[PDB]
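Shown here: upload.csv, CSV, C-alpha atoms and all ligand atoms.
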chain,number,residue,atom,x,y,z
A,1,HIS,CA,30.4,1.0,-45.0
A,2,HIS,CA,31.1,-1.3,-42.1
A,3,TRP,CA,28.7,-4.0,-40.9
A,4,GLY,CA,26.1,-3.0,-38.3
A,5,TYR,CA,22.4,-3.1,-37.5
A,6,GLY,CA,21.1,-0.4,-39.8
A,7,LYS,CA,18.9,-0.6,-42.9
A,8,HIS,CA,21.8,-0.6,-45.3
A,9,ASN,CA,24.4,-2.6,-43.3
A,10,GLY,CA,22.3,-4.8,-41.1
A,11,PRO,CA,22.2,-8.6,-40.8
A,12,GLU,CA,20.5,-9.3,-44.2
A,13,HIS,CA,23.7,-7.7,-45.8
A,14,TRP,CA,26.4,-9.5,-43.8
A,15,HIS,CA,26.7,-12.4,-46.2
A,16,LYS,CA,28.3,-10.1,-48.8
A,17,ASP,CA,31.4,-9.6,-46.6
A,18,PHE,CA,31.1,-12.8,-44.6
A,19,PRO,CA,29.8,-15.7,-46.8
A,20,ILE,CA,29.7,-18.1,-43.7
A,21,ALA,CA,26.5,-16.0,-42.8
A,22,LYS,CA,24.7,-18.5,-45.1
A,23,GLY,CA,26.5,-21.4,-43.5
A,24,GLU,CA,25.3,-24.7,-42.0
A,25,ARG,CA,25.6,-23.9,-38.3
A,26,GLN,CA,24.7,-20.3,-37.9
A,27,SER,CA,23.2,-18.7,-34.7
A,28,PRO,CA,20.9,-17.7,-33.2
A,29,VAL,CA,18.1,-20.1,-33.7
A,30,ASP,CA,14.5,-20.5,-32.5
A,31,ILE,CA,14.4,-23.1,-29.7
A,32,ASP,CA,11.3,-25.3,-30.4
A,33,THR,CA,10.8,-26.7,-26.9
A,34,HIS,CA,8.7,-29.6,-28.1
A,35,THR,CA,11.2,-30.9,-30.6
A,36,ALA,CA,14.3,-30.4,-28.4
A,37,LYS,CA,15.6,-33.8,-27.3
A,38,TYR,CA,16.1,-34.5,-23.6
A,39,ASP,CA,19.6,-36.0,-23.3
A,40,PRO,CA,20.1,-37.8,-20.0
A,41,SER,CA,23.8,-38.1,-20.6
A,42,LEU,CA,24.2,-34.3,-20.5
A,43,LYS,CA,26.0,-33.3,-17.3
A,44,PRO,CA,25.2,-30.4,-15.0
A,45,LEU,CA,27.0,-27.2,-15.8
A,46,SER,CA,29.9,-26.3,-13.6
A,47,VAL,CA,30.3,-22.5,-13.3
A,48,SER,CA,33.3,-21.5,-11.2
A,49,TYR,CA,33.3,-17.7,-11.1
A,50,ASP,CA,34.4,-17.0,-7.5
A,51,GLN,CA,37.9,-15.9,-8.5
A,52,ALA,CA,36.8,-13.9,-11.6
A,53,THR,CA,38.8,-10.7,-12.2
A,54,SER,CA,37.0,-8.1,-14.3
A,55,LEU,CA,39.2,-5.5,-15.8
A,56,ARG,CA,37.4,-3.0,-18.1
A,57,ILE,CA,34.1,-2.2,-19.8
A,58,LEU,CA,34.3,-1.1,-23.5
A,59,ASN,CA,31.8,0.3,-26.0
A,60,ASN,CA,33.0,-1.4,-29.2
A,61,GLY,CA,30.4,0.2,-31.5
A,62,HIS,CA,28.0,-2.8,-31.6
A,63,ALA,CA,27.6,-3.6,-27.8
A,64,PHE,CA,29.4,-3.1,-24.6
A,65,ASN,CA,31.8,-5.8,-23.4
A,66,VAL,CA,32.9,-6.4,-19.8
A,67,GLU,CA,36.3,-8.0,-20.1
A,68,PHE,CA,38.0,-10.4,-17.7
A,69,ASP,CA,41.6,-11.5,-17.0
A,70,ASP,CA,41.8,-14.8,-18.9
A,71,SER,CA,45.5,-15.4,-18.4
A,72,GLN,CA,44.8,-18.1,-15.7
A,73,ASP,CA,41.9,-20.4,-14.8
A,74,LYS,CA,40.1,-17.8,-12.7
A,75,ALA,CA,36.6,-17.9,-14.0
A,76,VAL,CA,35.8,-21.1,-15.9
A,77,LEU,CA,33.0,-23.1,-17.3
A,78,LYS,CA,33.1,-26.9,-17.4
A,79,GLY,CA,30.7,-29.8,-17.6
A,80,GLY,CA,27.5,-29.8,-19.4
A,81,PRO,CA,28.1,-30.8,-23.1
A,82,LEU,CA,31.7,-29.6,-22.9
A,83,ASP,CA,35.0,-31.5,-22.8
A,84,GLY,CA,37.7,-29.5,-21.1
A,85,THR,CA,37.9,-26.2,-19.5
A,86,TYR,CA,36.6,-22.9,-20.9
A,87,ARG,CA,37.8,-19.6,-19.6
A,88,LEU,CA,35.6,-16.5,-19.4
A,89,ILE,CA,36.9,-13.7,-21.5
A,90,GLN,CA,34.0,-11.2,-21.7
A,91,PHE,CA,30.3,-10.8,-21.5
A,92,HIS,CA,28.0,-8.5,-23.4
A,93,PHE,CA,24.3,-8.1,-24.1
A,94,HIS,CA,21.9,-7.7,-27.1
A,95,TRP,CA,18.8,-5.7,-26.6
A,96,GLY,CA,15.9,-4.0,-28.3
A,97,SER,CA,14.3,-0.6,-28.8
A,98,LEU,CA,11.2,-2.0,-27.1
A,99,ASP,CA,10.6,-4.5,-24.3
A,100,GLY,CA,9.1,-7.0,-26.8
A,101,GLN,CA,12.3,-7.7,-28.7
A,102,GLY,CA,16.0,-7.8,-28.1
A,103,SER,CA,17.0,-11.3,-27.6
A,104,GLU,CA,18.8,-13.3,-30.3
A,105,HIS,CA,17.6,-16.7,-29.5
A,106,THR,CA,13.8,-17.2,-29.2
A,107,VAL,CA,11.9,-19.9,-27.3
A,108,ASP,CA,8.9,-21.1,-29.2
A,109,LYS,CA,9.1,-17.9,-31.2
A,110,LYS,CA,9.0,-15.8,-28.0
A,111,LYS,CA,11.5,-12.9,-27.9
A,112,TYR,CA,12.9,-11.5,-24.6
A,113,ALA,CA,13.9,-7.9,-23.9
A,114,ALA,CA,17.6,-8.8,-24.0
A,115,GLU,CA,20.1,-11.6,-24.0
A,116,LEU,CA,23.3,-11.8,-22.1
A,117,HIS,CA,26.2,-13.7,-23.6
A,118,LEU,CA,29.1,-14.9,-21.4
A,119,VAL,CA,31.8,-15.9,-23.8
A,120,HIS,CA,34.4,-18.6,-22.9
A,121,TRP,CA,37.2,-20.1,-24.9
A,122,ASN,CA,38.7,-23.7,-24.7
A,123,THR,CA,42.0,-23.5,-22.9
A,124,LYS,CA,43.5,-26.3,-25.0
A,125,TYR,CA,43.8,-23.8,-27.9
A,126,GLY,CA,45.9,-21.4,-25.8
A,127,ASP,CA,44.3,-18.1,-26.7
A,128,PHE,CA,40.9,-16.7,-27.9
A,129,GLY,CA,42.2,-16.0,-31.4
A,130,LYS,CA,43.2,-19.6,-32.0
A,131,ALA,CA,40.0,-20.9,-30.3
A,132,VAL,CA,37.7,-19.2,-32.8
A,133,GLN,CA,39.2,-21.2,-35.6
A,134,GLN,CA,38.2,-24.5,-34.1
A,135,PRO,CA,34.7,-26.2,-34.1
A,136,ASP,CA,34.9,-26.6,-30.3
A,137,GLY,CA,36.7,-23.4,-29.6
A,138,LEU,CA,34.1,-21.3,-27.7
A,139,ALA,CA,31.3,-21.9,-25.3
A,140,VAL,CA,28.8,-19.1,-24.9
A,141,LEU,CA,26.3,-19.1,-22.0
A,142,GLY,CA,23.2,-17.3,-23.1
A,143,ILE,CA,20.8,-15.9,-20.5
A,144,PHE,CA,17.5,-14.2,-21.3
A,145,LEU,CA,16.4,-11.0,-19.7
A,146,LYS,CA,12.7,-10.2,-19.0
A,147,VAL,CA,11.4,-6.9,-17.7
A,148,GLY,CA,10.1,-7.1,-14.2
A,149,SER,CA,11.9,-6.7,-10.9
A,150,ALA,CA,15.3,-5.1,-10.9
A,151,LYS,CA,18.4,-7.3,-10.8
A,152,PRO,CA,20.6,-5.8,-8.1
A,153,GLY,CA,23.8,-7.5,-9.4
A,154,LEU,CA,23.3,-5.7,-12.7
A,155,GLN,CA,23.2,-2.1,-11.3
A,156,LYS,CA,27.0,-1.7,-11.2
A,157,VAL,CA,27.0,-2.2,-15.0
A,158,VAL,CA,24.1,0.1,-15.5
A,159,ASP,CA,25.7,2.9,-13.5
A,160,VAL,CA,29.0,3.0,-15.5
A,161,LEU,CA,27.3,3.2,-19.0
A,162,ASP,CA,27.3,7.0,-19.0
A,163,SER,CA,31.1,6.8,-19.0
A,164,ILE,CA,31.2,4.7,-22.2
A,165,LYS,CA,28.4,6.3,-24.2
A,166,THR,CA,30.2,6.3,-27.6
A,167,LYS,CA,32.2,3.8,-29.7
A,168,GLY,CA,35.7,3.3,-28.5
A,169,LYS,CA,35.3,4.5,-25.0
A,170,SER,CA,36.4,2.3,-22.1
A,171,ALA,CA,36.5,2.5,-18.4
A,172,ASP,CA,38.2,0.6,-15.6
A,173,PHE,CA,35.7,-1.9,-14.2
A,174,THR,CA,37.2,-4.0,-11.5
A,175,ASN,CA,35.8,-6.3,-8.8
A,176,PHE,CA,32.6,-7.1,-10.7
A,177,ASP,CA,31.2,-10.5,-9.8
A,178,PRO,CA,29.3,-12.2,-12.7
A,179,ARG,CA,27.6,-14.6,-10.3
A,180,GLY,CA,25.1,-11.8,-9.7
A,181,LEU,CA,23.8,-12.3,-13.2
A,182,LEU,CA,22.9,-16.0,-13.0
A,183,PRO,CA,19.4,-17.4,-12.6
A,184,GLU,CA,18.6,-19.8,-9.8
A,185,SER,CA,18.5,-22.9,-12.1
A,186,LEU,CA,21.2,-23.9,-14.5
A,187,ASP,CA,18.9,-26.1,-16.7
A,188,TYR,CA,19.8,-25.5,-20.3
A,189,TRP,CA,19.4,-26.2,-24.0
A,190,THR,CA,22.6,-26.8,-26.1
A,191,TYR,CA,23.4,-26.9,-29.8
A,192,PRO,CA,26.4,-26.2,-32.1
A,193,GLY,CA,26.4,-22.8,-33.6
A,194,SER,CA,28.3,-19.6,-34.4
A,195,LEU,CA,29.2,-16.2,-33.3
A,196,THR,CA,26.2,-14.0,-33.9
A,197,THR,CA,28.3,-11.0,-35.1
A,198,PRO,CA,30.9,-11.0,-37.9
A,199,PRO,CA,33.1,-12.9,-38.4
A,200,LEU,CA,30.2,-15.3,-37.7
A,201,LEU,CA,32.6,-18.2,-37.2
A,202,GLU,CA,31.1,-21.6,-36.6
A,203,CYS,CA,33.1,-22.3,-33.4
A,204,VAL,CA,30.5,-22.1,-30.6
A,205,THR,CA,28.9,-24.6,-28.4
A,206,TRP,CA,25.8,-22.7,-27.3
A,207,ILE,CA,24.4,-23.2,-23.8
A,208,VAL,CA,21.1,-21.4,-23.4
A,209,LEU,CA,19.6,-21.3,-19.9
A,210,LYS,CA,15.9,-22.0,-19.6
A,211,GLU,CA,15.3,-19.6,-16.7
A,212,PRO,CA,15.4,-15.9,-17.5
A,213,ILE,CA,16.6,-13.2,-15.1
A,214,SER,CA,14.4,-10.2,-14.5
A,215,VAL,CA,15.7,-6.7,-14.8
A,216,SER,CA,13.7,-3.5,-14.3
A,217,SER,CA,12.4,-1.2,-17.1
A,218,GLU,CA,14.8,1.5,-15.8
A,219,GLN,CA,17.8,-0.8,-16.1
A,220,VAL,CA,17.1,-1.8,-19.7
A,221,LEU,CA,16.2,1.9,-20.6
A,222,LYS,CA,19.8,2.8,-19.6
A,223,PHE,CA,21.2,0.3,-22.2
A,224,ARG,CA,19.2,2.2,-24.9
A,225,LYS,CA,21.0,5.4,-24.2
A,226,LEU,CA,24.3,4.1,-25.5
A,227,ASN,CA,25.5,5.1,-29.0
A,228,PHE,CA,26.7,3.1,-32.0
A,229,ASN,CA,28.6,6.2,-33.2
A,230,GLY,CA,31.9,7.7,-31.9
A,231,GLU,CA,32.1,10.9,-30.1
A,232,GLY,CA,31.5,13.9,-32.3
A,233,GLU,CA,29.7,11.8,-34.9
A,234,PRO,CA,25.9,12.0,-35.4
A,235,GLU,CA,24.1,10.2,-32.6
A,236,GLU,CA,22.6,6.8,-33.4
A,237,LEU,CA,21.2,5.0,-30.4
A,238,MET,CA,22.5,1.6,-29.7
A,239,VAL,CA,19.3,-0.4,-29.9
A,240,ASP,CA,18.2,-3.6,-31.8
A,241,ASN,CA,21.7,-5.0,-31.9
A,242,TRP,CA,20.4,-8.5,-32.4
A,243,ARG,CA,20.6,-10.9,-35.3
A,244,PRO,CA,17.4,-12.7,-36.3
A,245,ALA,CA,17.0,-16.4,-36.0
A,246,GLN,CA,18.7,-18.5,-38.6
A,247,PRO,CA,17.7,-21.9,-40.1
A,248,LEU,CA,18.4,-24.9,-37.9
A,249,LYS,CA,19.4,-27.0,-41.0
A,250,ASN,CA,20.9,-30.5,-39.9
A,251,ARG,CA,21.1,-29.7,-36.2
A,252,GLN,CA,19.4,-31.1,-33.1
A,253,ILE,CA,18.8,-29.0,-30.0
A,254,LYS,CA,19.3,-31.0,-26.8
A,255,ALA,CA,17.9,-30.2,-23.4
A,256,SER,CA,19.4,-31.1,-20.0
A,257,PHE,CA,15.9,-31.3,-18.4
A,258,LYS,CA,12.5,-33.0,-19.0
B,1,ZN,ZN,26.4,-11.9,-28.3
Same coordinates, now as structure tokens:
Amino acid sequence: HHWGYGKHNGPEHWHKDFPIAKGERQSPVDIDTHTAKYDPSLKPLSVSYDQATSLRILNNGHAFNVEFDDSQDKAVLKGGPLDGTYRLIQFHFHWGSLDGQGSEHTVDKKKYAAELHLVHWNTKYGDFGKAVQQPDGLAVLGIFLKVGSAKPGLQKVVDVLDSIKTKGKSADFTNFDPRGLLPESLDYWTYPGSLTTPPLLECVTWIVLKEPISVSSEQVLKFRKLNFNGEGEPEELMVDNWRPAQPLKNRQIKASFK
């Protein structure tokens, strides 16, 4: 009876195994654009992805992760609200069963069709496993997906999904450039939060980009053909793998833009 996104093991149950689910800095949250505080001291984001080395794509039973070589400062995030250098380790998405839901964060209660999370860890902690134990251990860049025109830089991901249909399957996935997933503008909101899946640790500086990317209906439909289950188990489509918004509690969302 592992955690998941079903009626009997979904997010409203996670607190029984992970009591931090009811914590003070849980994610995602609704971004109220009118009460977010413009902070002129926030610096522009510095995304240096030109030397990124993707390795593999994996269906882990809750999403698919594209994993990167994080043994050197190859693909790094700096600047913005961050102190120090954060290395890209993986990206993954959350998506819905319908185009009107799927994102984890919302903007003035608006849901997007999907949300991309680029996960980075603070190099001062030496490895990802140590970083998750620290309040400044991770920085996650969150990008919304809306349905419209196709995103050509996403198609290489979409085309390999047939090879990792079920939980535990992995495939080599080299030479993927994540710059093809970024919007034109890097204006952002930021707040302190958590991982949105168990163990729900409160270790994340969230950086949520204001500008969504557009993907086509055909691209997102291919996400919905993945399976939560392993091969030979009954088929459960991997859809609605998003956590609902959590209370903001004593936190302020800051904006890099007016
Ligand atoms: Zn995520």
Nearby residues (only C-alpha atoms) at most 12 Å from region 158-164 of chain A, same-chain spacing under 6 positions excluded, as number ranges by chain: A: 56-61, 63-66, 93, 150-152, 170-174, 176, 215-231, 238
For ligand ZN 1 (chain B), which of A:241, A:35, A:41, A:26 is the closest residue, counting only C-alpha atoms and all ligand atoms? A:241
Exercise: residue 201 (chain A) partners within 12 Å, only C-alpha atoms, chain neighbours under 3 positions left out, as a PDB file with C-alpha atoms, in the frame of the given file:
ATOM      1  CA  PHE A  18      31.100 -12.800 -44.600  1.00  0.00           C
ATOM      2  CA  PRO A  19      29.800 -15.700 -46.800  1.00  0.00           C
ATOM      3  CA  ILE A  20      29.700 -18.100 -43.700  1.00  0.00           C
ATOM      4  CA  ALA A  21      26.500 -16.000 -42.800  1.00  0.00           C
ATOM      5  CA  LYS A  22      24.700 -18.500 -45.100  1.00  0.00           C
ATOM      6  CA  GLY A  23      26.500 -21.400 -43.500  1.00  0.00           C
ATOM      7  CA  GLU A  24      25.300 -24.700 -42.000  1.00  0.00           C
ATOM      8  CA  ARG A  25      25.600 -23.900 -38.300  1.00  0.00           C
ATOM      9  CA  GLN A  26      24.700 -20.300 -37.900  1.00  0.00           C
ATOM     10  CA  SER A  27      23.200 -18.700 -34.700  1.00  0.00           C
ATOM     11  CA  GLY A 129      42.200 -16.000 -31.400  1.00  0.00           C
ATOM     12  CA  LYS A 130      43.200 -19.600 -32.000  1.00  0.00           C
ATOM     13  CA  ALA A 131      40.000 -20.900 -30.300  1.00  0.00           C
ATOM     14  CA  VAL A 132      37.700 -19.200 -32.800  1.00  0.00           C
ATOM     15  CA  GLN A 133      39.200 -21.200 -35.600  1.00  0.00           C
ATOM     16  CA  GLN A 134      38.200 -24.500 -34.100  1.00  0.00           C
ATOM     17  CA  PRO A 135      34.700 -26.200 -34.100  1.00  0.00           C
ATOM     18  CA  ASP A 136      34.900 -26.600 -30.300  1.00  0.00           C
ATOM     19  CA  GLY A 137      36.700 -23.400 -29.600  1.00  0.00           C
ATOM     20  CA  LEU A 138      34.100 -21.300 -27.700  1.00  0.00           C
ATOM     21  CA  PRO A 192      26.400 -26.200 -32.100  1.00  0.00           C
ATOM     22  CA  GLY A 193      26.400 -22.800 -33.600  1.00  0.00           C
ATOM     23  CA  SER A 194      28.300 -19.600 -34.400  1.00  0.00           C
ATOM     24  CA  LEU A 195      29.200 -16.200 -33.300  1.00  0.00           C
ATOM     25  CA  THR A 196      26.200 -14.000 -33.900  1.00  0.00           C
ATOM     26  CA  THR A 197      28.300 -11.000 -35.100  1.00  0.00           C
ATOM     27  CA  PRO A 198      30.900 -11.000 -37.900  1.00  0.00           C
ATOM     28  CA  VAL A 204      30.500 -22.100 -30.600  1.00  0.00           C
ATOM     29  CA  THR A 205      28.900 -24.600 -28.400  1.00  0.00           C
TER      30      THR A 205
END
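With only C-alpha atoms and all ligand atoms as the basis for measurement, A:116 is the residue among A:88, A:31, A:116, A:245 that approaches ligand ZN 1 (chain B) most closely.
Nearest to ligand ZN 1 (chain B) of all the residues A:47, A:118, A:145, A:55 is A:118, counting only C-alpha atoms and all ligand atoms.
The smallest atom-to-atom distance between residue 28 (chain A) and any of A:72, A:178, A:146, A:103, using all atoms listed in the file, is found for A:103.
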Grab the CA of residue 188 (chain A) to CA of residue 257 (chain A) distance for me, in Å with one decimal place. 7.2 Å
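The space between CA of residue 140 (chain A) and CA of residue 111 (chain A) spans 18.6 Å.
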For CA of residue 121 (chain A) and CA of residue 86 (chain A), determine how far apart the two atoms are, in Å to one decimal place. 4.9 Å
Which polymer residues have any atom within 9 Å of an atom of residue 74 (chain A), counting all atoms listed in the file, with same-chain residues fewer than 6 positions away left out, as a ChimeraX atom specification? /A:48-53,87-88
Which residue is closest to ligand ZN 1 (chain B)? Choose from A:184, A:115, A:202, A:177 and count all atoms listed in the file. A:115
For each of A:70, A:190, A:54, A:144, take the minimum atom-to-atom distance to residue 101 (chain A), counting all atoms listed in the file, then give the residue where this is smallest.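 So, comparing all the options, the nearest one is A:144.
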